[PDB]
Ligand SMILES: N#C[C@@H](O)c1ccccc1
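This document opens with one chain alone, in structure tokens, the form deposited without (S)-mandelic acid nitrile.
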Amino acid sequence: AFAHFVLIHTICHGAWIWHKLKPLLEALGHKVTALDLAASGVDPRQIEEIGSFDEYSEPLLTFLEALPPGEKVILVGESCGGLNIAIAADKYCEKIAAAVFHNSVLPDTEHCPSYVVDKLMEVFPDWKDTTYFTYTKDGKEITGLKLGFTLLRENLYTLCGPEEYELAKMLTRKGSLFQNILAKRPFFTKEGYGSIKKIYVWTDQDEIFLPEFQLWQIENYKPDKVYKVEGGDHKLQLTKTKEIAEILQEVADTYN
């Protein structure tokens, strides 16, 4: 079967992270959309204009709004993109055939939206040469970050080629986790986000979303299906592109 996949990058990244996976999925016959979220990739906004994870998600919500009735998509979110998935599913659940989590945060419905971010920060407290700043938007102080190049090399792009790490140095931008805004946000809903099918894809060789964190997330909120990819690194769409496409094909053949 063919599907329409919507690929969702993590904070400080853009659609460009999907530059290897997108053509491979198209070579299987799928439709693929790879979005830039707000203040990401070549989006014209700067992060200081963005006040919440929901606002950050606007391009995804706008895209889903534009789908004609009856058309469903498979969302694929890497790393922090699982939060964009949850936000989207609480507006457009009927348009989502499934969500695939790709070394991603896996929010739940029982705890506040910041819960898995809070846990991540406990498991991985030291972001190396990442720099931080603060800005104010809608009366709240937001912590911005710019991912450190040592962190990128060693922990995110561990096994990627030098020309892929170079792209990350060139293209990663200032972003935010909006952790304190998530902490005050209404909970993700059971009828919306809780109802979607959730497929959790990961590698234990991930050097930022460590196994203790990922296995904790799987226990916390049981996925419908788990795929473990052997080897690779956090950026499986770069280091295990073929394996990710094969998994996504099977998801397209299972959920519609």
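Residue numbers here begin at 1 and follow the sequence given.
Just so it is clear, the following notes concern the form deposited with (S)-mandelic acid nitrile bound, a form of the same protein that is not shown.
A.B. asks: Superimposing the C-alphas around the site, does (S)-mandelic acid nitrile, as posed in the deposited bound form, end up open here or blocked, where blocked is 3 or more of its atoms within 2.4 Å of backbone or C-beta atoms?
C.D. replies: Output flag = open.
A.B. asks: Please tell me which of 127, 92, 115, 149 lies within 4.5 Å of (S)-mandelic acid nitrile in the deposited bound form, judged by heavy atoms.
C.D. replies: Contact residue from the list: 127.
A.B. asks: Just one of 88, 74, 80, 181 has a heavy atom within 4.5 Å of (S)-mandelic acid nitrile in the deposited bound form. Which one?
C.D. replies: The residue from 88, 74, 80, 181 that makes the contact is 80.
A.B. asks: Among 184-192, 41-49, 207-215, 220-228, which stretch has residues whose heavy atoms lie within 4.5 Å of (S)-mandelic acid nitrile in the deposited bound form?
C.D. replies: Selected stretch: 207-215.
A.B. asks: Check for me whether (S)-mandelic acid nitrile, as it appears in the deposited bound form, comes within 4.5 angstroms of all of 4, 99 and 197 - heavy atoms only.
C.D. replies: Not a single listed residue reaches (S)-mandelic acid nitrile in the deposited bound form, so no.
A.B. asks: Decide whether residue 239 counts as a contact residue for (S)-mandelic acid nitrile in the deposited bound form under a heavy atom distance cut-off of 4.5 Å.
C.D. replies: Heavy-atom contact with (S)-mandelic acid nitrile at 4.5 Å: absent for residue 239.
A.B. asks: Residue 11: heavy atom within 4.5 Å of (S)-mandelic acid nitrile in the deposited bound form?
C.D. replies: Because a heavy atom of residue 11 falls inside 4.5 Å of (S)-mandelic acid nitrile in the deposited bound form, the answer is yes.
A.B. asks: Residue 106: heavy atom within 4.5 Å of (S)-mandelic acid nitrile in the deposited bound form?
C.D. replies: Judged by the heavy-atom cut-off of 4.5 Å, residue 106 is well away from (S)-mandelic acid nitrile in the deposited bound form.
A.B. asks: Using a 4.5 Å cut-off on heavy atoms, which residues of 216-254 contact (S)-mandelic acid nitrile in the deposited bound form?
C.D. replies: Stretch hits, in order: 234, 235.
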